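Note sheet for the following structure.
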Amino acid sequence: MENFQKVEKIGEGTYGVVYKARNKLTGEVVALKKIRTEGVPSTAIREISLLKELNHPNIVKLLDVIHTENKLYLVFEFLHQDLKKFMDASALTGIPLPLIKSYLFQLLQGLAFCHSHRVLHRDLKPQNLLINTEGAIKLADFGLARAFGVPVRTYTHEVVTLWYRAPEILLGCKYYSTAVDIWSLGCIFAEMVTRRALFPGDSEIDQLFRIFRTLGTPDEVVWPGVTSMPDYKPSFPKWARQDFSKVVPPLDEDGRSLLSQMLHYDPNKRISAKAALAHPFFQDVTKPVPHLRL
Ligand SMILES: COc1ncnc2[nH]cnc12
């Protein structure tokens, strides 16, 4: 750490405080993420170490891992804004569709890359999607979930949001897959379009029931095996599925079609990042440069 000058406290991360800092020997401006006691387990150090080679232009670059006095810091490429802040800022007018389309397409490339190596995010959320002045968007904290877990509360006891959590996680599946990230990104896509979170649950049952109210209560017809999952209850209320036309106006037929595929209940049938990239929604994708005030 004495290789760095902290600049400001940036944020409270999932795992610890996040600092903006400058490397005294190289000038680089970085994000430093403290990872909150018998030292760091050796398994977590090896997992993190693999993430140093999982490099992609839509994945926030992991520069280095600093483990001293049994205290752990991750050094990351610094980006100046996140999608949560950008959405809050664009509330009056909404993010223009070409920009939505570009961010979704970039995020899907990020996912297609990571998922080709069977690495998951598992906690995608706007606060994790970071943006630069060149029109890029990038996934932050990719693979930390496998390395450190996803806690119910953060180190500051802030509630970890359930809003982007896939139904198979909520229903207690042990061995969920890359599809969980597709679900999260679908929820984000919808939030970009509508300017409101799709499923803003405030408990696990509220999260599930919000999902069911919009998409229909899942059954063995649309999701084979669902009634056998650990937290499935036969007594769940039975809601009918809503039309996507009601859910995400004014999204066009292509975007509604894609969204529907990203929100399929059955994780086997949910579209892959690779397949999503071929969807007709992206036929006319561009890379607009957003209006950013820093
Ligand atoms: C808040 O987290 C962060 N802020 C700015 N840059 C980052 N890079 C990775 N995490 C970041």
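Side chains included, hydrogens not; waters and symmetry mates left out as well; all remaining heavy atoms used. Here, residue 1 is the first one in the sequence, and each next residue gets the next number.
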Measuring from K24:NZ to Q5:CD, what's the distance to the nearest 0.5 Å?
5.0 Å

Shortest non-hydrogen contact from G11 to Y155?
O-OH, 4.1 Å

Kindly say whether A140 contributes a backbone atom to a donor-acceptor pair with the side chain of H121 at under 3.5 angstrom?
yes

Looking at every non-hydrogen atom in both residues, tell me the closest pair between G255 and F189 and how far apart they are.
O-CE2, 3.7 Å

Same apolar cluster: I48 and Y73, side chain cutoff 4.5 Å
no

Should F78 and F86 be regarded as members of a common hydrophobic cluster, given that ILVMFWY residues are connected when their side-chain heavy atoms come within less than 4.5 Å of each other, either directly or indirectly?
no

Of all the heavy-atom pairs spanning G94 and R195, show the shortest one and how long it is.
CA-NE, 3.6 Å

Side-chain heavy atoms of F199 within contact of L208, under 4.5 Å
no

Is there a path of hydrophobic side-chain contacts, each under 4.5 Å between heavy atoms of I, L, V, M, F, W or Y residues, that connects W163 with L259?
yes

Is the backbone N or O of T156 less than 3.5 Å from a side-chain atom of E12, with the two atoms forming a donor-acceptor pair by type?
no

Contacts of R213 that satisfy salt bridge (charged side-chain N to carboxylate O under 4.0 Å, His left out) - sequence neighbours left out
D206

Taking atom types as modelled, find out whether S257 and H279 have a side-chain donor-acceptor pair closer than 3.5 angstrom.
yes

Has the side chain of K138 got a donor or acceptor atom that lies under 3.5 Å from a matching backbone atom of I131?
no

For the NZ atom on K84, are there more than 12 heavy atoms of other groups (residues, nucleotides or ligands in this structure) within a distance under 6.0 Å?
no

In Å and rounded to the nearest 0.5 Å, what is the OG to CD1 distance from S260 to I271?
9.0 Å

Check: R256 side chain, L251 main-chain N or O, donor-acceptor pair, under 3.5 Å
yes

If we only count heavy atoms from C-beta on, is the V247 to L198 side-chain gap below 4.5 Å?
yes

Write down the atom of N268, the atom of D266, and the distance for their closest heavy-atom approach.
N-OD1, 2.9 Å

Under 3.5 Å: donor-acceptor pair, side chain of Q207, backbone of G201
yes

Salt-bridge contact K101-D284 (side-chain N to carboxylate O under 4.0 Å):
yes

Begin from the C-alpha positions of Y265 and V226 and carry the test side-chain contact (heavy atoms from CB on, under 4.5 Å) through to its verdict.
CA-CA 9 Å; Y265 275 127; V226 66; over 6 Å; no

Can you see whether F4 has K6 sitting over its ring - NZ or CZ less than 6.0 Å from the centre and within 45° of the normal?
no

Donor-acceptor pair, distance only, cut-off 3.5 Å: does the side chain of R146 make one with the backbone of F142?
no

Is a side-chain donor or acceptor of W239 paired with a backbone partner of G216 at a separation under 3.5 angstrom?
no

From CA spacing to verdict: side-chain contact (heavy atoms from CB on, under 4.5 Å), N3, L25:
CA-CA 7 Å; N3 290 331; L25 319 171; 3.7 Å; yes

Can you find a heavy atom in the side chain of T14 that is under 4.5 Å from one in the side chain of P151?
yes

Would you say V17 ends up clustered with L130 if hydrophobic residues are merged whenever their side chains have heavy atoms under 4.5 Å apart, either directly or through other cluster members?
no

Measure across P126 and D82 and return the closest heavy-atom pair with its distance rounded to 0.1 Å.
O-CB, 4.0 Å

Backbone N/O of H264 and side chain of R270: donor-acceptor pair under 3.5 Å
yes

Using a 6.0 Å cut-off, check whether atom CD of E69 has over 12 heavy atoms from anything other than its own residue.
no

Interatomic distance, CH2@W223 vs CG@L215, rounded to 0.5 Å, equals 11.0 Å

Within 45 degrees of the axis of the six-membered ring of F76 and under 6.0 Å from its centre: does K33 put its NZ or CZ there?
yes

Is there a side-chain contact between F281 and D252 in this structure, where contact means two heavy atoms from C-beta onward sitting under 4.5 Å apart?
yes

Heavy-atom side-chain contact between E28 and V75 under 4.5 Å
no

Identify, with sequence neighbours excluded, every residue that meets salt bridge (charged side-chain N to carboxylate O under 4.0 Å, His left out) alongside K61.
none

Beyond-backbone contact of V150 with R165, side-chain heavy atoms, under 4.5 angstrom:
yes

Determine, stepwise, if the pair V160 / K125 fulfils side-chain contact (heavy atoms from CB on, under 4.5 Å).
CA-CA 10 Å; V160 68; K125 63 197 149 185; 4.0 Å; yes

With a 4.5 Å heavy-atom cut-off, do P230 and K174 have their side chains touching?
yes

So how far is it from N132 CG to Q81 CD, rounded to the nearest 0.5 Å?
11.0 Å

Atom CG of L32 and atom NZ of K20: how far apart are they, to the nearest 0.5 Å?
13.0 Å

Check the pair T154, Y15 against side-chain contact (heavy atoms from CB on, under 4.5 Å), reporting the backbone distance first and the verdict last.
CA-CA 6 Å; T154 70; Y15 305 109; over 6 Å; no

Can any side-chain N or O of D141 pair as donor or acceptor with the backbone N or O of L144 at less than 3.5 Å?
no

Joint cluster assignment, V222 & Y176, ILVMFWY side-chain distance < 4.5 Å:
no

How long is the span from the CG atom in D88 to the CG atom in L83, to the nearest 0.5 Å?
9.5 Å

Let me check something: any side-chain donor-acceptor pairs from residues 105-113 under 3.5 Å, sequence neighbours excluded? List them with distances.
from	atom 1	to	atom 2	distance (Å)
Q106	OE1	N58	ND2	3.0
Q106	OE1	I137	N	3.1
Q106	NE2	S102	OG	3.0
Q106	NE2	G135	O	3.0

Any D219 side-chain heavy atom under 4.5 Å of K238 side chain
no

Mind checking whether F212 and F209 have parallel, tilted or perpendicular rings, split at 30° and 60°?
tilted

Exam field: side chain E77 to backbone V30, donor-acceptor pair closer than 3.5 Å:
no

Which heavy atom of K269 sits nearest a heavy atom of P224, and at what distance?
NZ-CD, 3.3 Å

